[PDB]
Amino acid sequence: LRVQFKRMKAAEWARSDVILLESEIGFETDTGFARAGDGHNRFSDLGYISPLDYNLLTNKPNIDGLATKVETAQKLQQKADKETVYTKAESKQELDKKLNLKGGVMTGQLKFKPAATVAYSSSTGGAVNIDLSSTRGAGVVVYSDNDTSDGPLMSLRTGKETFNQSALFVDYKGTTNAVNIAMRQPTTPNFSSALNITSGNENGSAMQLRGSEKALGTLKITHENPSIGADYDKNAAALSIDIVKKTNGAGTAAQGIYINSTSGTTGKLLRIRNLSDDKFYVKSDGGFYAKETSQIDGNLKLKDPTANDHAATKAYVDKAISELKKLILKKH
């Protein structure tokens, strides 16, 4: 037996009306495939003589180990996209432009414009609040070594006439000077001043000073000769006063120096000394003393003498002469 089977091309079977007997094999000549009869179905309705089911295969690949598009996408959706997020480098680049609380260097202007909760009161208020209670350094240190400039080191301005606080308030306890102004010996000379004050206020002193010294002056002024030359400073003074009219005024009636004691003092109201020796003084009652010969380009009105060293008046002289003239003419 060399057995051969009913056979033709797949497409010819496809339209054959031949019914294979149950288990009778038929052959597709162009595919090599067989199919077996069931006794009723046409060829195209028979299945192949061997399984075609993925689940019966051997050497299957690991389908279950492979990632699904859905599950991968869900996992990607939790991850941050490059474009919506700064790198470490761009983060640091941005942060290096900001000021550390530990400290840093400003190259531009720091403005304050408080919104003002209340901005407090005392040692806990202010837009800038500096507490040096636990440290030995300075608070605010401003300086310039520039040759010239357009602005002061520090400027304080108030714009409204009702303003009811000070520009600068110094409340000081300690053992040196609350406020100290040193104007160092000039090389190129200024025609100006350590401290300069002008007021146009007619209802208040330009400067007020109250002190309560046991044995010093409330204000102490010392002039020191700038030169070793004994008389170089001959036009200088410890205190100089001028009294002037208003530009285009008719003049002035202001006094130079006015001294009073509202409670009454027993001290000398004006005491002038040289080398610590009294030279001239006005006592608390208005009597004066002068150490040396003095001059008046005028007369002197005073009372009649009662002691030998009293200056005589014209009355006293005239009377003593008139007495002598009478007696001497003789008396009956």
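Note that the rigid core is defined as the largest set of C-alphas that superpose within 1.5 Å between two forms. Don't overthink the numbering: it's just position in the shown sequence, from 1.
- Farther from the shown form on average, by C-alpha root mean square after a core fit in 4 other deposited structures of this protein, is 185 to 193, of the stretches 166 to 174 and 185 to 193.
- Just going by the entry, 320 to 328 versus 7 to 15 on mean CA temperature factor gives the higher value to 320 to 328.
- Higher mean CA B-factor, judged across 213 to 221 and 124 to 132 from the recorded values: 124 to 132.
- Comparing the listed residues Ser294, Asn55, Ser284, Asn41, the entry records the largest Cα B-factor for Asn55.
- Between the residues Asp233, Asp171, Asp96, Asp145, the entry's highest C-alpha temperature factor is the one at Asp96.
- Looking at the C-alpha B-factors along this chain, the one for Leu76 belongs to the middle third.
- Residue-level temperature factors show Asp150 in the middle third of its chain, judged at the C-alpha atom.
- In the PDB entry, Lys60 places in the highest third of its chain by CA B-factor.
- When all modelled residues of the chain are sorted by CA temperature factor, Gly204 is found within the middle third.
- Per-chain ranking of the deposited C-alpha B factor places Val141 in the lowest third.
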